[PDB]
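Following: one structure in structure tokens, then a few remarks.
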Number of protein chains: 2
Amino acid sequence: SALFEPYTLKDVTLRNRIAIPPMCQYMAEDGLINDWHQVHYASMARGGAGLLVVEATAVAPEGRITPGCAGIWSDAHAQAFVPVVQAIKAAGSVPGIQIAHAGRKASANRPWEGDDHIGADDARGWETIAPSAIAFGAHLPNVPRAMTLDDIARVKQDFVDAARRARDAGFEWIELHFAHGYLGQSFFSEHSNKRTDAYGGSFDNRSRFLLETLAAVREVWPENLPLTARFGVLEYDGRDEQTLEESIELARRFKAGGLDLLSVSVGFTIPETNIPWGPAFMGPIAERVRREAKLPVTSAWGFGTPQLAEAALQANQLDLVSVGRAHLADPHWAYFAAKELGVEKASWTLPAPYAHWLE
Amino acid sequence: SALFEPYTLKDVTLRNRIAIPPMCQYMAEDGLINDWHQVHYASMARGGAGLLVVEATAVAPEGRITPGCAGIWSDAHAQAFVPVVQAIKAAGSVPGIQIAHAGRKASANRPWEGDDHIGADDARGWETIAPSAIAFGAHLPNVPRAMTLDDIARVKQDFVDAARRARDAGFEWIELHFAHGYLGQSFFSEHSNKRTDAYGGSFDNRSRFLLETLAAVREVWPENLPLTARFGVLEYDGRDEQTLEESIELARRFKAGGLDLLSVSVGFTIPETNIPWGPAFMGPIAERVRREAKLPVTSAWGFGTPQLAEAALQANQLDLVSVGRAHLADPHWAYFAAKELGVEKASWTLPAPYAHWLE
Ligand SMILES: Cc1cc2c(cc1C)N(C[C@H](O)[C@H](O)[C@H](O)COP(=O)(O)O)c1[nH]c(=O)[nH]c(=O)c1N2
Ligand SMILES: Cc1cc2c(cc1C)N(C[C@H](O)[C@H](O)[C@H](O)COP(=O)(O)O)c1[nH]c(=O)[nH]c(=O)c1N2
Ligand SMILES: NC(=O)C1=CN(Cc2ccccc2)CCC1
Ligand SMILES: NC(=O)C1=CN(Cc2ccccc2)CCC1
Ligand SMILES: [Ca+2]
């Protein structure tokens, strides 16, 4: 089974091609993770996945999506992750983390508490920042303040400090969150970036925040550990041909800047889109990026069906298959997949106290 | 769905009829549980089961099955269980524990390390105790030391001490392990008990160790928390009609002695048996015990198929369905069962950070 072939990138070897993508839990308090996360992550790692990327973790307080989001903006926050790293490693999985800034989509309620921007009179809210003072719209109507040059420098340094802290907590894999309409994505998109300074108004200028942040992180992130990013390569906004071409060119510049792997996603930059959700629908898009930018890739959205994951690998569309919601449903999904694909000794995807009895 | 009806027994209410039965993990060191257990139990509790009975936990060091078995024979051992108890409760499940003494089946290898009695050369082994100096045979050839009256008094007191410790650790449900050929089962069975004193040679005498231990525990276990036991009611040894009659009579005596619920199992007292393993095969046996002894029951062995579990409840064969190995495979099995049975808002079997996204 292709799904259960190991993968080596820089000095890291994953025991199979199953990645658990970052999935926000909205259970942290003041950015500090806790027993929710400890058990959540440890149990999924014991489930058999080769790589577990911890949820979007804010580089600064205002870069949380919600009051429940994890953060890594202090040494105390980083220390909270050490036992998560240790539990993921002890299970034989590789610990990664996605570092993030929610930009104009920040200061929102948890998804089961409205999923919408926090109102001005709710004291839990905060002012958001973005390239330009333009709201997302729909359920996120709050207008962000347009970043100053000093804001840009500060946020870049927060990404650097977050990467340093992740490194020192023991993570072996980092992912910069430049997707899903949050701050990085919103610098790249002409929908959200109307700046006329060095950070807007041309392809080079829109790319600048992302490339400068990558370069700054590259200085502190060890060269022998995968340096990755998530990036929305189209929006399904009627501009897909031009947007995909620019996105692939940016991916080439990411490669030139030392990026080891790209997690290929959708922009979600604006609500006025027509995204064709369906099983493995990203597969052909990820393949195009992989081939044209000559970069390893992962993608997601529907690969909880083991045969879809296997097919995508065999077709050389992906190097790793990210499986999210199926692992919320079943933390041992990798074992389920091993069985479904007829892997020999499938139960030994799990640790012995389970594997012995499930043989 | 009958499976998702709450259940009340004494002061304890379970949110559904799914019990996770005790399942040895063989991961403790000198009886002390650790991060293996913490994550294992917390993750299953979050999976939705209403009751989680912690694995056979030895009342004394020589009462472990293996060098990896959990113990509760000191206050330090009991303190180690507190975070397990609390994590189970935090998840909305009820924490229980099975307290145990492996008798002549003690001093064995872990199941994936031979599953057999520890060899004489091997320095991990220990002397076993039993009602009579008779070996189980087959892969468990070690001859145990026959217990004196002073030994019997000591072991009963160890069970009492264990129950007090379990109480103070915060368990809300206790199960005395009088099944599966360990010490309690072996006092009841004429195969293993050849004593000629007050503890063997008649039905009353063979029952005595079990009734005295129950009565002793009842003195320290809170009256408002379920007091339960697991008991093998037949062996499939060609003596089933007589054995089942005696077992059901002892169940009546357990009820008269304050037992709140009986977990009905098989004896496993000797290897010379022919057990007809199959889906839900214990259902009719448990039903007969429930009906004839007029006591609530649970049973196990095959109910990982949600429809089998539901059917057993609707037939009034069981009050709780114990589902073991399916929870090793999938710690969120209770959610899987809710979906399979078409429960409304089935995903809210799980905590919000999962449920929201799975509906
Ligand atoms: C609960 C939850 C939370 C998040 C997500 C999703 C879900 C379900 N996803 C998107 C996720 O990584 C993945 O791309 C999608 O879930 C699609 O893959 P599946 O179809 O679920 O396997 C996500 N994406 C990301 O880049 N960072 C994150 O922190 C989050 N958080
Ligand atoms: C890993 C493991 C460990 C144990 C068990 C089984 C397994 C699989 N079982 C028996 C268990 O409680 C249950 O009766 C059986 O697993 C049958 O139910 P299932 O078919 O697995 O749902 C068990 N029984 C018991 O009374 N105390 C225990 O500690 C153990 N330990
Ligand atoms: N931190 C992120 O990148 C998030 C991505 N989301 C997109 C999504 C859309 C549909 C289904 C799941 C996720 C929402 C949750 C947080
Ligand atoms: N502590 C106990 O009561 C145990 C029960 N077992 C019986 C069993 C037989 C077949 C399959 C699973 C469990 C073996 C493991 C430990
Ligand atoms: Ca504002």
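Just remember, in the structure tokens the first chain shown is A, the second B, etc., residues are 1-based per chain, and ligands are 1-based in the order shown.
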
Taking only C-alpha atoms and all ligand atoms into account, which residues are within 9 Å of ligand 3, as a count of residues only? 21

Using only C-alpha atoms and a cut-off of 10 Å, which residues of chain B sit close to chain A? Please list them as a ChimeraX atom specification. /B:23-27,35-36,38-44,46-47,87,90-91,110-113,325-333,335-336,347,350,352-358

Tell me, which residues of segment 10-100 of chain B carry DSSP strand (DSSP E or B), written as a PyMOL selection string? chain B and resi 12-14+18-20+29+32+51-58+71+94-100

Going by DSSP on the backbone, which bits of segment 45-286 of chain A are alpha helix (DSSP H)? Write them as an MDAnalysis selection string, please. chainID A and resid 45:46 75:90 149:169 183:188 203:218 240:256 283:286

Determine, for each residue of chain A having at least one atom at most 6 Å from an atom of ligand 5, the closest pair of atoms and their separation in Å to one decimal, counting only C-alpha atoms and all ligand atoms; order by chain and ascending number, as CSV.
residue,atom,partner,partner_atom_place_in_ligand_line,distance
A:127,CA,ligand 5,1 (Ca),5.0
A:128,CA,ligand 5,1 (Ca),5.8
A:142,CA,ligand 5,1 (Ca),5.3
A:143,CA,ligand 5,1 (Ca),4.3
A:144,CA,ligand 5,1 (Ca),4.4
A:145,CA,ligand 5,1 (Ca),5.9

Residue selection dump (N, CA and C atoms) as a JSON list (two decimals), in the first residue's frame:
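This is the output file selection.json:
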[["chain", "number", "residue", "atom", "x", "y", "z"],
["A", 127, "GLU", "N", -9.72, 44.40, 18.30],
["A", 127, "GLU", "CA", -9.49, 44.94, 16.97],
["A", 127, "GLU", "C", -8.61, 44.01, 16.16],
["A", 128, "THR", "N", -8.99, 43.82, 14.91],
["A", 128, "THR", "CA", -8.28, 42.97, 13.99],
["A", 128, "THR", "C", -7.38, 43.78, 13.06],
["A", 142, "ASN", "N", -16.69, 42.63, 10.67],
["A", 142, "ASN", "CA", -15.84, 43.63, 11.30],
["A", 142, "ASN", "C", -14.76, 44.12, 10.37],
["A", 143, "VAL", "N", -14.57, 45.44, 10.30],
["A", 143, "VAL", "CA", -13.57, 46.00, 9.43],
["A", 143, "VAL", "C", -12.24, 46.00, 10.19],
["A", 144, "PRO", "N", -11.20, 45.39, 9.62],
["A", 144, "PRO", "CA", -9.88, 45.43, 10.25],
["A", 144, "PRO", "C", -9.21, 46.78, 10.09],
["A", 145, "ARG", "N", -8.21, 47.04, 10.92],
["A", 145, "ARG", "CA", -7.37, 48.21, 10.64],
["A", 145, "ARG", "C", -6.21, 47.80, 9.73]]

Using only C-alpha atoms: which of B:284, B:271, B:278, B:68 has the shortest distance to residue 33 of chain B: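 Of B:284, B:271, B:278, B:68, the one nearest residue 33 of chain B, counting only C-alpha atoms, is B:68.
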
I want to know what sits within 6 Å of residue 64 of chain A, based on only C-alpha atoms, with residues of the same chain fewer than 4 positions away left out; could you give that as a short mmCIF file (atom, residue, chain, number, x, y, z; two decimals) with C-alpha atoms, in the first residue's frame?
data_model
loop_
_atom_site.label_atom_id
_atom_site.label_comp_id
_atom_site.auth_asym_id
_atom_site.auth_seq_id
_atom_site.Cartn_x
_atom_site.Cartn_y
_atom_site.Cartn_z
CA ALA A 58 -1.35 32.14 17.03
CA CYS A 69 -7.33 29.39 20.08
CA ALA A 102 -5.98 35.08 11.64
CA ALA A 106 -9.80 37.13 14.00
#

What is the atom CA of residue 54 of chain A to atom CA of residue 98 of chain A distance in Å?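 Atom-to-atom, atom CA of residue 54 of chain A to atom CA of residue 98 of chain A, that is 6.0 Å.
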
Write out as an NGL selection string which residues come within 12 Å of residue 79 of chain B when counting only C-alpha atoms, dropping same-chain ones fewer than 3 positions away. :B and (31-34 or 71-76 or 82-86 or 162 or 165-171)

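Taking only C-alpha atoms into account, residue 18 of chain B lies nearest to B:299 out of the set B:125, B:299, B:277, B:185.
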
Just want the 10 Å neighbourhood of segment 195-209 of chain A, counted on only C-alpha atoms, with same-chain residues fewer than 5 positions away dropped. Output as a VMD selection string. chain A and resid 131 to 133 146 to 147 149 152 to 153 155 to 156 183 to 190 214 to 215 246 to 247 249 to 250 253 to 254

May I ask for the distance between atom CA of residue 313 of chain A and atom 13 (C, counted along the ligand's line) of ligand 1, given in Å to one decimal place?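 Separation of atom CA of residue 313 of chain A and atom 13 (C, counted along the ligand's line) of ligand 1: 17.5 Å.
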
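Here atom CA of residue 213 of chain A stands at a distance of 28.5 Å from atom CA of residue 118 of chain A.
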
If we count only C-alpha atoms and set the cut-off at 10 Å, which residues sit around residue 322 of chain B, ignoring sequence neighbours fewer than 6 positions away in its own chain? Please answer as a JSON list (two decimals) with N, CA and C atoms, in the first residue's frame.
[["chain", "number", "residue", "atom", "x", "y", "z"],
["B", 17, "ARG", "N", -26.26, 3.24, 27.90],
["B", 17, "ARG", "CA", -26.10, 1.87, 28.36],
["B", 17, "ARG", "C", -24.80, 1.20, 27.86],
["B", 18, "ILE", "N", -23.87, 2.00, 27.35],
["B", 18, "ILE", "CA", -22.58, 1.50, 26.88],
["B", 18, "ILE", "C", -21.59, 1.54, 28.02],
["B", 19, "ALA", "N", -21.11, 0.35, 28.41],
["B", 19, "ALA", "CA", -20.04, 0.22, 29.38],
["B", 19, "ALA", "C", -18.77, -0.23, 28.67],
["B", 20, "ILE", "N", -17.65, 0.36, 29.06],
["B", 20, "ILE", "CA", -16.37, -0.16, 28.66],
["B", 20, "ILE", "C", -15.91, -1.06, 29.79],
["B", 21, "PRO", "N", -15.80, -2.38, 29.51],
["B", 21, "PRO", "CA", -15.39, -3.31, 30.55],
["B", 21, "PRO", "C", -13.92, -3.24, 30.84],
["B", 22, "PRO", "N", -13.52, -3.77, 31.99],
["B", 22, "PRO", "CA", -12.10, -3.71, 32.33],
["B", 22, "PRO", "C", -11.25, -4.40, 31.26],
["B", 49, "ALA", "N", -18.93, 6.61, 25.87],
["B", 49, "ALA", "CA", -19.46, 5.56, 26.75],
["B", 49, "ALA", "C", -19.91, 6.14, 28.08],
["B", 51, "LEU", "N", -20.10, 4.48, 31.01],
["B", 51, "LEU", "CA", -19.36, 3.92, 32.14],
["B", 51, "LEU", "C", -18.04, 3.39, 31.64],
["B", 52, "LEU", "N", -16.96, 3.66, 32.36],
["B", 52, "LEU", "CA", -15.67, 3.12, 31.99],
["B", 52, "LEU", "C", -15.09, 2.42, 33.21],
["B", 53, "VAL", "N", -15.04, 1.10, 33.18],
["B", 53, "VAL", "CA", -14.44, 0.33, 34.26],
["B", 53, "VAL", "C", -12.97, 0.11, 33.95],
["B", 263, "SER", "N", -21.75, -8.56, 36.56],
["B", 263, "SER", "CA", -21.19, -8.72, 35.24],
["B", 263, "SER", "C", -21.01, -10.20, 35.01],
["B", 298, "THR", "N", -24.68, -7.01, 33.35],
["B", 298, "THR", "CA", -24.05, -6.68, 32.08],
["B", 298, "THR", "C", -23.32, -7.94, 31.60],
["B", 299, "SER", "N", -22.98, -7.95, 30.32],
["B", 299, "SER", "CA", -22.12, -8.99, 29.78],
["B", 299, "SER", "C", -21.40, -8.44, 28.55],
["B", 300, "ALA", "N", -20.54, -9.28, 27.98],
["B", 300, "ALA", "CA", -19.65, -8.90, 26.90],
["B", 300, "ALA", "C", -19.44, -10.08, 25.97],
["B", 301, "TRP", "N", -18.49, -9.84, 25.08],
["B", 301, "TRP", "CA", -18.04, -10.77, 24.07],
["B", 301, "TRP", "C", -18.83, -10.80, 22.59],
["B", 302, "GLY", "N", -18.50, -9.72, 21.80],
["B", 302, "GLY", "CA", -19.16, -9.57, 20.50],
["B", 302, "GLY", "C", -20.10, -8.39, 20.23],
["B", 303, "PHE", "N", -20.38, -7.58, 21.25],
["B", 303, "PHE", "CA", -21.39, -6.52, 21.10],
["B", 303, "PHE", "C", -20.89, -5.25, 20.42],
["B", 304, "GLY", "N", -19.69, -5.31, 19.84],
["B", 304, "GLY", "CA", -19.16, -4.23, 19.02],
["B", 304, "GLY", "C", -19.97, -3.95, 17.77],
["B", 309, "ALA", "N", -25.85, -4.96, 20.28],
["B", 309, "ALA", "CA", -26.00, -4.30, 21.57],
["B", 309, "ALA", "C", -27.43, -3.84, 21.80]]

Residue 8 of chain B: which residues within 12 Å, counting only C-alpha atoms, same-chain residues fewer than 4 positions away excluded, as a VMD selection string? chain B and resid 12 to 17 50 to 51 94 173 224 to 226 260 to 261 296 319 to 320
